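Student: Quick one: structure below, then a few questions.
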Amino acid sequence: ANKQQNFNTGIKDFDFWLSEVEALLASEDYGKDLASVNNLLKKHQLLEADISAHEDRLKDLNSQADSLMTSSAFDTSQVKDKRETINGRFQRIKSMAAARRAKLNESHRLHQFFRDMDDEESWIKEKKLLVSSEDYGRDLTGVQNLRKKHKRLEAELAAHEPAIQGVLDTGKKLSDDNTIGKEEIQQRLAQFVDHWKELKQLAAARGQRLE
Ligand SMILES: [K+]
């Protein structure tokens, strides 16, 4: 083939690839959990490696376009226009790829935060089961032994409160810096506070019943 035909073949292939990547990068799937965000991050790494491997494909197509544009044999305006368009599309793909990377990393941080919150909610739930006891002591000796167990539990809740505040502080930062949607973090933070207040209230009600 001549240089015109080789460029046209290369451009048909490059154009198809650009269309594929444009469609892939328009996905707003940020995942539902840490395992699915991790799969999206692996997928996105491979795509970014594919884009990187095409930046040299683009250099070659650019060199072909520049050689074609020196020709006196045909009107080179279609070559010039194609070169402009493949370059503009490629640069937009690099911008979309960086934006999707930032959102996937944000999503990973958010889902890791949710896992950290789940560990705290499991702690809360274990303690809530302890203070849900409706044994208030058969006698003076029996309530004295329950009152000493309950003061130890209240001291555990007070010593854990900095960890609960740390979850709220982290959640505020993530919410304020969020670009992918705050509906889930808002709901989870509210539900988390409800879980902590419920445990504190149930512990305080039980403590009053042991006096
Ligand atoms: K914990």
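If you want the entry's author numbering, it's the position in the sequence shown, counting the first as 1, plus 1661.
We treat Cβ as the ideally placed atom computed from N, Cα and C, and that holds for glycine.
Taking one C-beta from the stretch 1788 to 1800 and one from the stretch 1829 to 1845 each time, how about it: are there three or more such pairs within less than 8 Å?
Tutor: The stretch 1788 to 1800 is not in contact with the stretch 1829 to 1845.
Student: Measure the Cβ-Cβ separation of residue 1679 and residue 1751 and say whether it is below 9 Å.
Tutor: The answer is yes: Cβ separation under 9 Å.
Student: Here's a check: name, in chain order, each residue in its chain whose Cβ is nearer than 7 Å to the Cβ of residue 1772, leaving out the five neighbours to either side.
Tutor: Counting only Cβ-Cβ distances below 7 Å, and skipping sequence neighbours, we find 1692, 1694, 1695, 1698.
Student: As a quick exercise: from 1688, 1854, 1676, pick the residue whose alpha carbon is nearest that of residue 1779.
Tutor: Of the candidates 1688, 1854, 1676, the one whose C-alpha sits nearest the C-alpha of residue 1779 is 1854.
Student: With DSSP collapsed to three states, give me the class of residue 1693.
Tutor: Residue 1693: coil per DSSP, three-state reduction.
Student: Closest by CA to residue 1782, which one among 1711, 1824, 1671, 1712?
Tutor: Considering only alpha carbons, the answer is 1824.
Student: Could you give the distance in angstroms between the alpha-carbon of residue 1683 and the alpha-carbon of residue 1850?
Tutor: So the two alpha carbons sit approximately 35 Å from each other.
Student: Could you give the distance in angstroms between the alpha-carbon of residue 1732 and the alpha-carbon of residue 1741?
Tutor: Answer to the nearest angstrom: the Cα atoms are 12 Å apart.
Student: Please give me, in chain order, every unbroken run of the alpha helix (DSSP H) with length at least 4 that falls completely inside the stretch 1704 to 1729.
Tutor: Runs found: none.
Student: Taking the beta carbon of residue 1768 as the centre, do at least 16 other beta carbons fall within 10 Å, making it buried, or is it exposed?
Tutor: Label assigned to residue 1768: buried.
Student: Does the beta-carbon distance from residue 1808 to residue 1871 come in below 9 Å?
Tutor: In this structure, residue 1871 lies closer than 9 Å to residue 1808 by Cβ.
Student: Hey, could you find the ends of the alpha helix (DSSP H) residue 1815 is sitting in?
Tutor: That run of the alpha helix (DSSP H) goes 1801 to 1837.
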